[PDB]
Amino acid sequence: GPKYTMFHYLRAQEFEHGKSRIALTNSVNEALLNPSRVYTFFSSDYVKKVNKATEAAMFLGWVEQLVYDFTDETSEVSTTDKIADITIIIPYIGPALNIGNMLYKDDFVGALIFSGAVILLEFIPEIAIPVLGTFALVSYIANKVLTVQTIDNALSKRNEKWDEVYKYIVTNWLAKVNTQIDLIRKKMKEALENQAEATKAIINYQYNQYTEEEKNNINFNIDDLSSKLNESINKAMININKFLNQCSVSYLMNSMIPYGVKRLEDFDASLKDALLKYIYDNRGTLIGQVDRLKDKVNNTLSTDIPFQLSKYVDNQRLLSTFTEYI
C-alpha cells in the first residue's frame, strides 16, 4: 500500500541559495535530512566527480568533463514499456516458496532510463465508459417492411454507438490524460533546470573560493556555464517529450481504447442475441428473408469497428504528432 506522494521526492531535490559545501547525493533520505545535501538521479560516478574538491589548475578541465557528462547524464536515455515488477516473498518461518508463487506486475505506462535512475509511470483510474444501454426492439406483427426496419435501425444505432464511445474516449484522453502528462512535461524540465543549478552552485563555490589571483588567472564565466547547461537541457527535453508522447499514445491505444472495445463487443453480443431472437419471433412475418437477416446480423455484429484517431482530432498538428507514435 501507498505511503509517499511526489512531494517527498521533489523536496529532496530542493535547496535554498545559501552558500556552503552543498553536495549531490544519491539518497532521497539524506537529501531530505541535510539542507546542504541535494538528491540527484545522475550516476554515482557523476556524484563522486562533482562532490570532489579540485585544485585551481585542473579546475577548467573539471568543468568541461562535467558539462559533457551532464549532457551525457540528461541525454543518454533509453525507454521501454516492457517492465517486470517482481515481488519476492521471503518465508521467514516456513520452507522456501516456489518462484511460481512470487508476485508479478507489468501494468505500466512506460519507463525512462537514466543510467543513474529509472523513472516509471503508471496511470489510474481506468477510464469509465458510460453505460451503453439496451435497444428496445419494437414488434409489428405481420408487417415485413417495418420489422425489417427495426432490425436495420438497430444495426445503425450500433455503429453510432462505437463512434460515440470512441469519441468519448478521445475527448477525455485529450482533456484529462494529456493535460496530466503536460504537467509531467513541466516537472521534468523543472527537475532538470534544478539539477543544472545544483551543479552550478557547487562549481561557483569552488571558484568563489580561491586565491584572488587564480580568480583572475582563470578565465571563468557564469553565463558560459549557465548556457551550456540550458542547451544541454533542451537537448535532453527532446527525448523526454518523445517519451511522454509515446506514453500518451500508448495509453490511448493500449489501455483506453481496448477497454472501450471490450465494452462495445459485449454490447454487440447481447444486441446480436436480441436481434436473432427478434428474427425468430418474427420469422413468419419475415418469410422469404430470414436467412438474409440472420446473416446480415451475424456478419455485422461480429466485425469490430476499427478506431480511427483522425476522426476525432481537428488540430492536424496534434494529429501529426500523435500519429508518429503508433
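Residues carry their position along the shown sequence, with the first being 1.
Comparing the deposited coordinates for 213-221 and 162-170, the stretch with the larger average C-alpha B-factor is 213-221. As recorded in the PDB entry, 193-201 is the stretch of 113-121 and 193-201 with the greater mean C-alpha temperature factor. Highest C-alpha temperature factor among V261, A274, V297, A57 per the entry: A57. Split the chain's modelled residues into thirds by C-alpha temperature factor. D85 is in the lowest one. Among the modelled residues of the chain, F135 sits in the middle third by CA temperature factor in this PDB entry. Looking at the C-alpha B-factors along this chain, the one for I305 belongs to the lowest third. Remark: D281 belongs to the middle third of its chain, ranked by C-alpha B-factor as recorded.
Compared with the other modelled residues of the chain, the Cα B-factor recorded for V63 ranks in the highest third.
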